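All the letters of the sequence shown, read from the start, carry residue numbers 3 to 249, 265 to 332 under PDB author numbering. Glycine residues also receive a C-beta, built at the ideal position from the N, C-alpha and C atoms. Structure first, commentary second.
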Amino acid sequence: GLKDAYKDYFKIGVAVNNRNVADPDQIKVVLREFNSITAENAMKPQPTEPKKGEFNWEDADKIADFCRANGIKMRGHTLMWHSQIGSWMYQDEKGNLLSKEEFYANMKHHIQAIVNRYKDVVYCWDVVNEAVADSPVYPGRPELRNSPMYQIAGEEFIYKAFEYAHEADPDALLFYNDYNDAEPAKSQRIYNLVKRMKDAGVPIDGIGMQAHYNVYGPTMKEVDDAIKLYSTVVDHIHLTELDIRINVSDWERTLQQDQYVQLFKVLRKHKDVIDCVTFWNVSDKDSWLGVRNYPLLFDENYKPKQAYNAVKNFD
């Protein structure tokens, strides 16, 4: 078990689909290896509430019950995002954005509904996902993505999402989650956002590095640097959706093993702040990226690659 080999460092997590927790083959692996679960899709805004007031709890209830049942705590993925979210939250179906008052009321009601239903099992939440702009942000352009949320409320909508989550479960750790988390320009922006949040008194406990890396990746030097930067502003860091894609050869196979091995070194050296490393999907078979891309430490048949033994046993 990976969770065991890293007992003294951080939890080892995985994001699951409906089958991953219903099939005894897949369940065996999940239960062996991981001590943290995220719903891959069952807890996002559109899946759980595609029309105002019309909830669909069925899929998430299964994964949560799986987690209650086997004594694993969940990361709640996510409360707010520009994708997989019902239009109704920010616009009126003519296609006109709502006012900041209605938008806020929608975000509040949704967050109360979901946080309240799973707070017994969920230990932390990705409260806002992917609000920072992608690189190249010229001097004086906005550092935030220009989503409908941002168009209605500016940066404030982020502060609110966090206030509402905190009021709904004051004991949950609250994370800002984003991708290209080790890129030099974007991490600076992610740092800057979280710094403004704290200076406004927003209750943010942590940063989530998605860690969708590749094999030319970002370099381990950039990761190390990025974890050091985020450490100067929060007490808590998670890798939330770790993946090392190739874009199989035995030299590629090699490249990707080295990469995993060296990454987990860096993480190990930062155990103090790193609480959890979660993998997106259990195996290459389930991977959002596909079997070709050969991400993740288990293969199309849910079997440990050699790279799994490299990361499991270290120093």
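- Task: Alpha carbon to alpha carbon, how far is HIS112 from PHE36? Give it in angstroms, no decimals.
- Result: 29 Å
- Residue range of the alpha helix (DSSP H) that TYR178 falls in? Element bounds for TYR178: not the alpha helix (DSSP H) but the beta strand (DSSP E), 175-180.
- Message: At 3 residues or longer, what runs of the beta strand (DSSP E) sit wholly inside the segment 128-188?
- Response: Runs of the beta strand (DSSP E) inside the segment 128-188: 175-180.
- Query: For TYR215, which beta-bridge partners are listed by DSSP?
  - Reply: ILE246
- Roughly how many whole angstroms lie between the Cα atoms of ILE246 and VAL278? Taking the Cα positions, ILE246 is about 11 Å away from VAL278.
- Message: Does the contact criterion of 3 or more C-beta pairs under 8 Å hold for the segment 97-116 versus the segment 63-74?
- Response: no
- Message: With H, G and I counted as helix, E and B as strand and the rest as coil, what does DSSP make of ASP332?
- Response: coil
- Query: Leaving out the 5 sequence neighbours to the left and right, which residues in its chain are closer than 6 Å to residue 334 when beta-carbon positions are compared?
  - Reply: Absent from the structure is residue 334, since the part of the chain shown begins at 3 and ends at 332.
- Taking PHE12 and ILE192 to be in contact with their CB atoms under 8 Å, please state how far apart those CB atoms are, rounded to whole angstroms. Not really, about 20 Å apart at Cβ, beyond 8 Å.
- Helix, strand or coil: how does DSSP classify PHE315 here? strand
- Item | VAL123 - DSSP class collapsed to helix/strand/coil | coil
- Task: Taking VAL294 as part of the beta strand (DSSP E), name the residues at either end of that continuous run.
- Result: 291-297
- Query: Per DSSP, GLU56 is paired with what?
  - Reply: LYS53.
- Counting along the chain, where does the alpha helix (DSSP H) carrying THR234 start and finish? That residue, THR234, is in no alpha helix (DSSP H); it is neither H nor E in DSSP.
- Query: Hey, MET76 and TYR125 are a contact pair by Cβ (cut 8 Å); roughly how many whole angstroms apart?
  - Reply: 7 Å
- Message: For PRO150 and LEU280, I'd like the C-alpha separation in whole angstroms.
- Response: 36 Å
- Is there contact here, the segment 161-173 with the segment 198-209, by at least three beta-carbon pairs under 8 Å? yes
- Task: Whole angstroms is fine: what's the gap from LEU4's alpha carbon to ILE14's?
- Result: 7 Å
- Message: Is the beta carbon of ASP128 closer than 7 Å to that of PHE177?
- Response: For the pair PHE177 and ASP128, the CB atoms are nearer than the 7 Å cut-off.
- Cα-Cα separation, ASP122 to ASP67: 11 Å
- Would you mind giving the Cβ-Cβ distance between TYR152 and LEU146, rounded to the nearest angstrom? I have them listed as a contact below 8 Å. 5 Å
- Where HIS214 and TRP305 are concerned, what is the direct C-alpha to C-alpha distance, given to the nearest angstrom? 11 Å
- Message: Classify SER137: buried if its beta carbon has 16 or more other beta carbons within 10 angstroms, exposed otherwise.
- Response: exposed
- Query: Are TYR311 and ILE229 touching if we call contact CB-CB under 7 Å?
  - Reply: By the CB criterion at 7 Å, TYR311 and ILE229 fall outside the cutoff.
- Query: Shortest alpha-carbon distance to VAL16 belongs to which of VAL31, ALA7, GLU51?
  - Reply: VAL31
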